[PDB]
Structures are given as structure tokens and as C-alpha cells.
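Student: could you work out the structure for the sequence below:
(chains A, B, C, D, E, F and G)
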Amino acid sequence: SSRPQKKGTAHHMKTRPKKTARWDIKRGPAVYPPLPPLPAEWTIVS
Amino acid sequence: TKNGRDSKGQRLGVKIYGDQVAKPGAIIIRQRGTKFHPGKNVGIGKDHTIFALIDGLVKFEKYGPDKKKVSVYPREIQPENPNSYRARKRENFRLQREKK
Amino acid sequence: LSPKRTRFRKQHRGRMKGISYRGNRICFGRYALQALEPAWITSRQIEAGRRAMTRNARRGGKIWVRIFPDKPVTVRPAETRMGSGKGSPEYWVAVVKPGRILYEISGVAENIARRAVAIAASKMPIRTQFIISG
Amino acid sequence: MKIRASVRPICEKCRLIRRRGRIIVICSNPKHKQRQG
RNA sequence: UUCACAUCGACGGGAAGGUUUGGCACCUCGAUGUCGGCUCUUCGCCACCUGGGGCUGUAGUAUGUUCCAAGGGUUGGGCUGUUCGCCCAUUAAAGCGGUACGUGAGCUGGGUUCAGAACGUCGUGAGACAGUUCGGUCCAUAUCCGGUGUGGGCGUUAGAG
RNA sequence: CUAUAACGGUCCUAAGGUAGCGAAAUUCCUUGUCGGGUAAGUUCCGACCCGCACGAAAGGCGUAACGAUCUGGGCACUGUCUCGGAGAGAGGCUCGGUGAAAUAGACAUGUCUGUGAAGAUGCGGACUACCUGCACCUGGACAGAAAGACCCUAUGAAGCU
RNA sequence: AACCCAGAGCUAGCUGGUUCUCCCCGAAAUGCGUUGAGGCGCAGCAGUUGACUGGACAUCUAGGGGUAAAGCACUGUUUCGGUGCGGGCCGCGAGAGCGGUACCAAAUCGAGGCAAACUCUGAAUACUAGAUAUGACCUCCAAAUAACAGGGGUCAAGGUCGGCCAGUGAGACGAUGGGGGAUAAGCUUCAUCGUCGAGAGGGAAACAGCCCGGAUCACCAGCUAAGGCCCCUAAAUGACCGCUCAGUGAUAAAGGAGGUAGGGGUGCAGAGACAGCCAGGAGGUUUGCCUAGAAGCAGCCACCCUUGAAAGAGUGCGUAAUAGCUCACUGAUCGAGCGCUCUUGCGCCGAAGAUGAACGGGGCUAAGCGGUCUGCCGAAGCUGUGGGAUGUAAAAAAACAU
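Tutor: Residues are numbered from 1 along each chain as shown, chains lettered A, B, ... in the order given. Find the structure here:
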């Protein structure tokens, strides 16, 4: 004994998924080419 | 058995910091003994309180290397204004009232 | 082992905060036992270690209890923790932070100093190591 | 054997071999024949 | 005898356990029935005895200690309501424990927490003492899971012995 | 001899326990020492005495007889026990007839571990298990029974002084 | 202290109960007083309504404080040495004197710390008080082409007084600074914030209080956050650099270590090394004492010199002790890589419980952990499309903001 144990909430901070590798923390999503705009989608003109 | 636990809870701050606006008669310092001495335009009190005599500003400064020497001044300036927002709010009160 | 004058009977706890300066370079002696881990050290540890290096040296060289406890720790009986009336007459404690010198010993040849201060490190609750007077 | 979890070479002639994990001492004098951790 | 480590290990230090005494008081006061015995389990080990081994300040016979080992074993009584609290006679030994201090919809009620009564003491007094002493109806025709037995349908691709 | 004080001095009250009895239905420490009894007896009998806190009509001490009284040891007698066994009767069991009960949110109602108001069939992982009867046992469903009787609270109720 | 009827539907600050829809706003569990603390009164925080307002957010500058840290001026303690005052002791002698002691102690000095009720000093934040800007969109008019300034119309937003009225008054955990405790508790008590309370959803296996995030609705549409990409479950068993061989990867220390990849220092390596085979390995001398004996090896003192390649009054065993044995040291062959040293990273032992593997399982030598670059999955979040509702507001809308 002489060592406490880690309970609810307390247990969570020790043992939740952390992304502890500086690299993957850094990253950002792909961007893209700007994708020039798109036409209308509907027309009464018929 | 405890014997202990008899605290008073009294409060004694500085009331008007340097470069605030002192009314006349208003208290500058409520103190226990004389940390800050009276300078000019202030009056000591019965219990060493330091209160303003004329409107103006409070200036804490050394009256000796050690002492505070609190003081007051007329400090009247700036009549000039530059804020659009206050005028805007007032303008809205009326426009909306008229609309409704 | 304790102070003579009881300035204030009881004294509440504190906390460790690592050394950064006053690393207590070396003043007396030539070989010190530098602490590394912050902790308390009672007066009874101090007794123990001192005995260790005195009877180990046993031929020459002078010990130096570089630190003196000077703060009381209390202990309460088994009465449901009501009011902490009397426990200061119990052990005293020296708050020892990192980078601090615990003993100093001169007038001793090199390796004899190593055995004295190594044993002395065994009697004592925190990981240390011995330093020479640089 | 003296299963000391931390003992060390003591005779001048201790050999300190590790086998199947266990760090052990073997000396010509079996008083000294220790196995560690 | 000399010899720190065959054996005991002062002075002090670092741990694991969770079963003693405790600290909190989180569930349970439209209720989670207490001590000790009986019967019946089953599990843990850091091992008491039986299986194998080192080391021994082991001549042998005894041992002393540690190491792997839970497969098994782990009496009968006298005293007390009272698990190493204990003398008797053995015995290979006559272990320590966990299981709501295992087990009261299985059992007894010797103790304690009911009403009677008394002793010492406290209280002027009613009464009282985690002091003592004598007496004091512990209820039950299993729905379900569980377990021990035993069947039937049906599956087994045609149907059966 | 050493000890225990026959006998003395001090404050004290109104005075400082007489006779008997005594570890006692009163002695806590305490299974108090010692003797008898027993193979072994914290119970028991006889004594000693530092009576924690016995004691003279809230009587002291002892008594022949009497006790569905409490208590200790005896001889005879035995299933109380060692260590069970067989038997007869009434139930249980099956078939014909009549036919309740308490309980009951709905239950398509597994084990181990983990979790969780910190002791789950209802959540997670793994294992295990055809469906459904009947007899039998009672470890769980914090099973039923009585809105606990212990503990506390209420500027609750009631009884006694 | 009967039973029935009546006052009596007694009283209960205590338990239980309180039924149909939608819409908008939506708390507290704090202080004070209380025969009061599992009540109530006031404040504090909702609603709704009427004024007067000015902000709120960011930025910057002033003003006081004595906290964190530091410090020994103060107070209180605190070790090491200096100094010696003065005192005790020996006595001489019938007075105090020069002194001596490995002597006890008061001020001081040098070195050296420590303190919630110590400060010569002293931050960051916090607080108070000032000025300084500009938020979101539109429609625009004049543009080559933007931008923005030019206006106009909206929308969004702070407070300080009041009115009518509530509920709340033991919060919980997490982070930090602390008291109490044993620097024990999912303990208790306060101060500043977060979530839960009153809040869903995804990650965390399950799992109020940890992480992202905030749920008006529809969608068999898409991009991401926290977290992840072998199977059970979505998505690379994807790239290259390293490190682990224990199933570690899920849990705990002191201590131990020729485990393992590196690093920091150190000397040696043809006036050749650590390996081994080797050879040699003393004279004084039995060192003096003690002891029966002590002769290197019970114990203690001197502890050197001579000889030489080299020998320590001998390293260990042993002998009654001697002797004996062997080490250190030293030359030759073989042959040029080996000692020492502290720490970094990952590991091993130390590390054992009671129903049955308990750590998601299958498993894995990468599907583990350290590092970087790329693609993807991932929520009720953001987008896209389409409805609803509140006000803003006074009218068809439409547009915002929720």
C-alpha cells in the first residue's frame, strides 16, 4: 500500500487517448485546387 | 480545547487610486495608523483617515524617501471629445422610437 | 537534533519547489552528499547517517551535518480528526530541496569517502550522490 | 543460493553471469553462491 | 572463538497485501438479521506435513534456513458463549487465510440490543452503567437464475436396431 | 535478620465502619495466588487478602425442612455421540374429484471478469448453453413480511421524578 | 391510562401525490441572522415590464498593494572554526597575581543556512480609472478590376435604478494556491476557472464530473475537430530514420546488473595491451611487542632499506604458530585493440491473493515506441438544398440574429 489508486474522472486523465507525438498534432488537411464555380441546377425556361 | 478562532474581519483599503476623480469630502485612504501622510488639499481624520477637500486628482508620491504624501489637484481638462458610438446610440433611440 | 527555543508551537506544512539557485556549492569538507530529490528529512535520519559515516570513517576526517531540521511536524491520535491540539512535540523535519548539500566530509581519502557517503546515502530517504569540492 | 533481490559480488572471485534472465553470482566458495534480481 | 551475511540482525530506508484496529462516511433505515457452533463448500499463499534442491558454524541421526511446490493432508478431548487463549494424549503435521468476520427463505440461540428481577456503584429522584447476575415463542406449500437427477418433442434430411 | 507495623504525627468532618462475611447474584485488572477435584477444568468447593465500589432491619452471619429455582461432581441407564442403519404409521410421489394463498412495472430472466450511486440476467469483452417438463436442495433475484423496533432529527406525542 | 360519538377536514416547518400541446427566456446549491442550521427573511443569480443610460470584447497607459521568488538589515532559531574575556580546578602561600589544561560558557567576527504569526527588496496576474477603435451584412453610385473610403437601411449586441413575481439555499469532480489529515482518501474546508448539475453527440471497450463540441427539422449529400487506419467496426497490414526480443507493450519504489543501440571523459595499443602458457616472485627478518606459539596472514608498533627485470615488514588459503601454497610485481612467444568513467533511450529482476485468461478479445516482432511526410475515416460541428418558429418591427414580403 501507501500508493493511491486513480478513479473516475481521475482515471480518465491518465488513460484517455492522447495524440502524444508532436508530428501528428501538427498536421493539417489537404487543401485542393480552388475548383472554379459550378452552373445553375434548375431552369424554368425549358 | 481549541482555544483558537476569534478573527475580526475588518476592511481598510485605499479608496481612490492615483488619478481617479476625488469628490470633495470623499475618503482617499482608510488606514490603521498613518501609512500615507496628508499632503495638500487633504485632511487627516480622527483615526488617521485621509479625505479630499476639493475636487481633482489624487497623487501618491514620496514626501521623504520613505513616506507616501498623498495629494489632490484641480485636474480639469479635455472638454474635447472623439466618440462616435455614444452619438450613434442616442441617434438610434430616436429613430427607432419614431419608426414605432 | 532539535532547536532549543519553541518560537511557535505548531507550524503548518509547506511544499517543495525545486532549487534553481543557492545550490550550496561546497563550503566545508571536501566531499558532499548532494540531494537530488525534494523531500523532508527528519532528525532521526540525520542521526542514522551521521552514525554511519562517523563510525565508518573512524580514523580521521570531520563530518558536517550541513542542514538542521528546524520545523515541526505534528501527529494526531485516532480520534476522528476533530481539532489539531497537540502534535508538535513529535519529530522535527528539514525540508531539503534539490541541488542541496546534506553532508560534508574532509580529511578522508577518496574511496573511504565513497564508502562513507554511499552507506550514508543508504540510510536516507532520497536519491543523492557524492560530489567533490570542485 | 541466497535469493537476495539486490546483492552484489562479494568474494574477490565472484563471477556475475546472467542466465535465462536471472542475474546470478557464482563463486568458488558456495557461501557466496548467490542469485540476484 | 577469528570471520558482516550458517544463523540474529541494532540504527534508519523502500514496497506489496487487505483479512486486525482504525479514518471518510459513497450505496442500503417503505428495513443489507449480529458473535460462536453444526452441515457443506470452493478458492489464495508468501509451505505447518508429505515431493524434489541449494547453502549450513551439514561426520552421521537430528536440524537451521531459504528455492520450485497448493495434488493431497491439515486429530480426540478438558476450560470459556467466546478460532494459535490453553493444559492433557497422540500424531507425518496436527497452517494462516478469502468466500456480506462463507453459510439462520439450511439448523441451535450459549452471548449481545426487549419487557421481570437482584448485586456493586452513580443519581436526592425517575432511573443508569460498550460492569455482573437468573429467565426470556428466531416465521416460509420455490415464480426465475443456480445445482443434482431424470424424461418428452424436435434436430441429426428417407425411416429404424 | 530484612520485611509486614502492635504504636505513633498531621488537615479533616458530625464522625470516621464495630461484629460478622469476603475476589462473594458485589473484585475491574482477573483464566488473582494456593489446596482438592479432573488425564487436562477461564466453570466448581475450601482458604488467603491490596473489599476498583461488602457490612448490620434499602439488615449481618448461619441454618433442619421445601424448590417444575440457578449451580458443580457422581453411580445406573441409554442412538445424545462415536457412526450411522433397518423398520411401521401420516405426509411427500402418481392417478380421479373439489380447489386457495401471500407476492406480482413488464420480464424473450446465463457464467467469469470489468464497470457503474463504488457487491448487475438487463452495460462491455470472452466463454458457455437444443426447446421444454417432473422430482429434489436453497447460493442469489441486496427474495416475502411489517414506510425499522437499534442511531439521529422534529422548537413531535405520552409516562414517571 | 379503555371504547364509541363529538370539537375535528385538529396540528404536522415531515413523507408521498400535482393529469392536455406547442413556443420564447431560463437559474442556484453563496453571505448574513435565526432555539437556526435535511426550514425561513434579506441580499446574490432568472422572468416580464418602464425609464436613464452607456458598453461588452481586444489594445495601451497609469495607481496602490507585499503574494511567488529571493534576503539575513528586523525578530526567532542555526551549524564550523577565531578570539579571548571571566569562572572552576593544582596548588604557592593566609592577597590578588603570570600563567598552564584535550575545560565549561557570554558578546563578536568569518563561512553557512532556515521561518504562516521575519523583512532592507519585490514581480506576472487581479483590481480600480482613464482613450481607441471598429463588428456582420446590404444596396449601391463612377470605375479598366479590384479594394476600400461616399453616403442610405437593417442586424447584432452592455449595463445602473425601479414595478409585478419566482425558484434557490448540504452541490460534485477536474486544474491551480493553500488549511486540517499522515503534503492518506471518490475526505474535509475556503479562493479563482471548466464540465456535470440543467447537455445531448463522437473519443475514452463499458463509464455525470477528462478531450473536441453544442443538438429547430428534414436529407439513402459533402469537409473536418478530439481520436484514429490488421480482424471483430469506418479508414494505408502507407512511406522512409532509428530503438526494443520482455508478450514489455496494462500497474509501483529503493536497490542490482558484461542486456542492449549512443554519447560524454579518460590512458594504454613496434622503449606492442588487456587474453591465456609461461619464468621469476627476495636479504635484513621470526619487524618490535604481546601470546604457549604471532614467524606477512590473533592483535598492535616501526612499516623502511638492500638486491635487482621484479618482491608489499607479503594478497589469500593454511599451520599450535612456523612452514607450505598462491597474489601483486616482472621478462619471452602469439598477436595491436583493449581498461576506466558518468549519464541518455528501451528493456530484465526486484513486483505475490483469495470463483476463471480480466489490461477490450483475435492476435502481432511490428499490428510496440521514438521522428518526420503524405492520402483517408471520423460528430447532431461546419458546408450545400429545403421547411418551421421567436424579435427587429409593425405589415406582403424580404432581410438578418437566434
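Student: smallest gap between chain C and RNA strand F, at which residue?
Tutor: residue C:80 (14.8 Å; Cβ to the nearest atom of the strand). Any C-beta I mention is one placed from the backbone N, CA and C, and that applies to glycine too.
Student: how many neighbours does that residue have?
Tutor: 6 (other Cβ atoms under 10 Å in any protein chain shown).
Student: what's near enough to touch the most centrally placed residue in chain D?
Tutor: Most central in chain D under Cα atoms, centre = their mean is residue D:25, positioned 1.9 Å from the mean C-alpha point. Residue D:25 makes contact with D:7, D:9-10, D:14-17, D:32-36, according to Cβ atoms under 8 Å, 6 or more residues apart in numbering or on different chains.
Student: how much space separates the residue of chain D found nearest RNA strand G from RNA strand E?
Tutor: Going by Cβ to the nearest atom of the strand, RNA strand G is nearest to residue D:37 of chain D, at 2.3 Å. From residue D:37 across to RNA strand E, the span is 11 Å (Cβ to the nearest atom of the strand, to the nearest Å).
Student: residue B:48 now?
Tutor: 46 Å.
Student: quickly find the element holding that residue.
Tutor: Using DSSP states H and E, residue B:48 sits within no helix or strand.
Student: helix/strand/coil for the nearest residue to it once chain neighbours are set aside?
Tutor: Distance criterion Cβ to Cβ, 6 or more residues apart in numbering or on different chains; nearest residue to residue B:48, sequence neighbours excluded, is residue B:34 at 4.8 Å. The three-state label given to residue B:34 by DSSP: H, G, I helix; E, B strand; the rest coil is coil.
Student: how about the biggest helix by length in chain C and RNA strand E, any contact?
Tutor: When chain C is parsed with DSSP state H, its longest helix is helix C:43-57. Yes - judged by Cβ under 7 Å from any atom of the strand, helix C:43-57 comes into contact with RNA strand E at C:44-45, C:47-48, C:51-52.
Student: buried members of these into ChimeraX, please.
Tutor: The buried residues among these can be selected in ChimeraX (16 or more other Cβ atoms under 10 Å in any protein chain shown) with this line:
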select /C:45,52
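Student: ok, of the residues of helix C:43-57 next to RNA strand E, which one's closest to residue A:30?
Tutor: residue C:45 (61.8 Å; Cβ to Cβ).
Student: so what's that closest one up against?
Tutor: So residue C:45 contacts C:123-125 (Cβ under 8 Å, 6+ apart).
Student: can I get those residues in JSON lines including neighbour count, secondary structure and distance to residue A:7?
Tutor: Listed next are the contacts of residue C:45 as JSON lines, based on neighbours: other Cβ atoms under 10 Å in any protein chain shown; DSSP: H, G, I helix; E, B strand; the rest coil; distance: Cβ to Cβ, whole Å:
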{"residue": "C:123", "neighbour count": "15", "secondary structure": "coil", "distance to residue A:7": "36"}
{"residue": "C:124", "neighbour count": "21", "secondary structure": "coil", "distance to residue A:7": "33"}
{"residue": "C:125", "neighbour count": "12", "secondary structure": "coil", "distance to residue A:7": "28"}
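Student: same list (those) but as TSV, adding distance to RNA strand F.
Tutor: Formatted as TSV, these follow (distance: Cβ to the nearest atom of the strand, whole Å):
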residue	distance to RNA strand F
C:123	38
C:124	36
C:125	31
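Student: which single one of those residues is nearest to RNA strand E?
Tutor: The closest of these, once distances to RNA strand E are taken by Cβ to the nearest atom of the strand, is residue C:125, at 3.4 Å.
Student: beta-bridge partners for the closest residue to that closest one other than its chain neighbours, please?
Tutor: With sequence-adjacent residues excluded and distances taken as Cβ to Cβ, 6+ apart, residue C:125 is closest to residue C:39, at 5.9 Å. On the basis of DSSP bridges, residue C:39 is bridged to residue C:96.
Student: which residues sit against stretch C:114-121?
Tutor: C:31-33, C:49, C:52-53, C:56-57, C:103, C:105, C:108, C:127-130.
Student: no further questions, thank you.
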